[PDB]
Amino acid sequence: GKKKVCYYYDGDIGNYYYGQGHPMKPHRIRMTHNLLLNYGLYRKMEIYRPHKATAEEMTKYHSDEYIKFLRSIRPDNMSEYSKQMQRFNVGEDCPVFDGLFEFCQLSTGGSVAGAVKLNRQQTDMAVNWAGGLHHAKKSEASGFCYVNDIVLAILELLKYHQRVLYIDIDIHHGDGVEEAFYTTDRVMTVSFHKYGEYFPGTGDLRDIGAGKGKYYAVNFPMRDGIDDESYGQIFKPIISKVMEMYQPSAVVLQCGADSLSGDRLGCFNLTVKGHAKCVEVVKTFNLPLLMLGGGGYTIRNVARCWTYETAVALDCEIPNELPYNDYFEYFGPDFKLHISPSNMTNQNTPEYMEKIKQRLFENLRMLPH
């Protein structure tokens, strides 16, 4: 039926600033929140403020040295850390900014708090739009991400759940999550992403995991221009077969919005309804679900996408006409919730999508039963 949803938000998150010209804008999390307050979605969910996750929590995955660096580095001492910055890949895509460590603590705190709540069966669904930072690695930042809140939340779920399914609909390959779990069968990672001379460079469909994890990493490589009909025709079949073969008892869905049409950095052509169909599909399996944010660089569309996906999580129909809100002028010139696709060419032919699907289905046959 309808589920209990817990939602995490820190009202300070929107003030963190990556720097002039940097495309990652934590302000999109505050726009999302303001928009769903204005639709009245707060009546229907429990809103919690995340704690600041500690270094003890983050070193359940990341190295002590890397977490100590992240605690220590500031724009005023950068000059003393030129060597460490290189080692940990901080200082260009992943800049040093004021309050960097606190931003990581809040992003991480909502994901891990949501995993706790799920483990305690206090909620069916937990939402943390500030999370989803899937590129961070054990000892290095990558792709605007510093601490892998998803890996930490999955580790928390693995205390109570034998098998956890991770699904990643960000336009980029979820490489930090896949690498963390690449040799285990206790997390199956499934990433749909643009592949071919695109960041981060990994996620070929021939990357299937290794050792006990062989067959428990699933990658669906796509080309530019994918649209709702192409996506919707492979996502429900793949996720259904994964559910059937792997039988997870919890699910983590990264809902990166850089896969929408009109994204400043992404090259796909999904609408908000197309993207949100993935949430609807995953919800039908009725498993404990942690939904997380991710990329997304055209901020008016990020706010629309994550507002509508919160409404889907709540089984709540919201009108297309946007309510007035603090960021109303960002949504012009139409002031509607739903977006139109562009006329960009879809380089993903229907035969290509069916062929890749058939190749992954072969691999899913190799799971035990």
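Start at 1 and count along the sequence shown; that's the residue number.
Of the two segments examined, 59 to 67 and 299 to 307, it is 59 to 67 that shows the higher average Cα temperature factor in the deposited entry.
Averaged over CA atoms, B-factors in the entry run higher in 314 to 322 than in the other of 314 to 322 and 22 to 30. Looking at 168, 258, 178, 76, the one whose CA carries the top B-factor in the deposited record is 76. Going by the entry's values, 99 shows the largest Cα B-factor out of 203, 109, 99, 293. Residue 328 sits in the lowest third of its chain by CA B factor, as recorded in the PDB entry. Placement of the Cα temperature factor of residue 190 within the chain: lowest third of the modelled residues, per the deposited record. In the PDB entry, a CA B factor belonging to the lowest third of its chain's modelled residues is recorded for residue 221. In the PDB entry, a CA B factor belonging to the middle third of its chain's modelled residues is recorded for residue 279. Split the chain's modelled residues into thirds by C-alpha temperature factor. Residue 113 is in the middle one.
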